[PDB]
Amino acid sequence: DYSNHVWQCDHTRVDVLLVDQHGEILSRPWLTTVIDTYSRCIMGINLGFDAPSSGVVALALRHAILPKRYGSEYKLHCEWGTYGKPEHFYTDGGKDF
DNA sequence: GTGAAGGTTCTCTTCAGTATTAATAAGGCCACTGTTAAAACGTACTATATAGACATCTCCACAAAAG
Ligand SMILES: [Mg+2]
């Protein structure tokens, strides 16, 4: 019925091969998204090599629930003015969830 | 004494006695009981002070399903 009423979360394998800072191949990361079902903002993400795990879920949840701050190395013109807790959380059946 | 031997009386004794204060006692053998300390000595209803065979809960490690 309103914003934050149901957040939704899932993970997927990003389709970019990453590299170490020394330049050698690192297998693709996983991306986790937390999404407002009303508003349809993306509320927060976690991007990393760690497989789908409750610590990864918790890491996306932290970013989503908390206010956002980014420095000038992020050349943003907008601002990611979204925060606050969900009232419900809607997921698939993964063992992390 | 000029010395020795011998003569003589002297009374009455109805008066004196009878009372306490009394010392622990002053008996010794025998045998035979029956108390009287008090010493020696079997064993009970207890009050504890352990020592250690067991039972228990807890923490950590392995096979089945979903994305
Ligand atoms: Mg999923």
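The figures here come from the full heavy-atom set of this structure, side chains too, leaving out hydrogens, waters and symmetry mates. A, B, ... follow the sequence lines: proteins, then strands. Residue 1 opens every chain.
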message = If we count only N and O atoms by modelled type, under 3.5 Å, do the side chains of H5(A) and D36(A) hold a donor and an acceptor together?
response = no

The reported gap from CD in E87(A) to OG in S3(A) (rounded to nearest 0.5 angstrom) is 9.0 Å

Glycosidic conformation of [N], taking syn as within 90° of 0 and anti otherwise:
N       : answer
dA25(B) : syn
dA5(B)  : anti
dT14(B) : syn

Sugar half of pseudorotation for [N] [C1'-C2'-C3'-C4' sign: + north, - south]:
N       : result
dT8(B)  : north
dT13(B) : north
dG17(B) : north
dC62(B) : south
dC45(B) : south

Whole Å only: how far is the [atom1] atom of [X] from the [atom2] atom of [N]?
X      : N       : atom1 : atom2 : value
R13(A) : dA66(B) : CZ    : P     : 21 Å
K95(A) : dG67(B) : NZ    : P     : 10 Å
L31(A) : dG67(B) : CG    : P     : 18 Å
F97(A) : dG67(B) : CZ    : P     : 10 Å
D96(A) : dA66(B) : CG    : P     : 14 Å

Original post:
Quantified in whole Å, what is the P atom distance between nucleotide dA49(B) and nucleotide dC45(B)?
Top reply: 23 Å

With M43(A) as partner, the option from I35(A), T33(A), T82(A) fulfilling side chain to side chain contact (heavy atoms under 4.5 Å, CB included) is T82(A)

Tightest non-hydrogen contact, residues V34(A) and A64(A), listed as CG1-CB, 3.6 Å

For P52(A) and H11(A) the tightest heavy-atom approach is CB-CD2, 3.8 Å

>> Between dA5(B) and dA4(B), is the stacking condition met, i.e. ring centres under 5.5 Å and planes under 30 degrees?
In response: yes

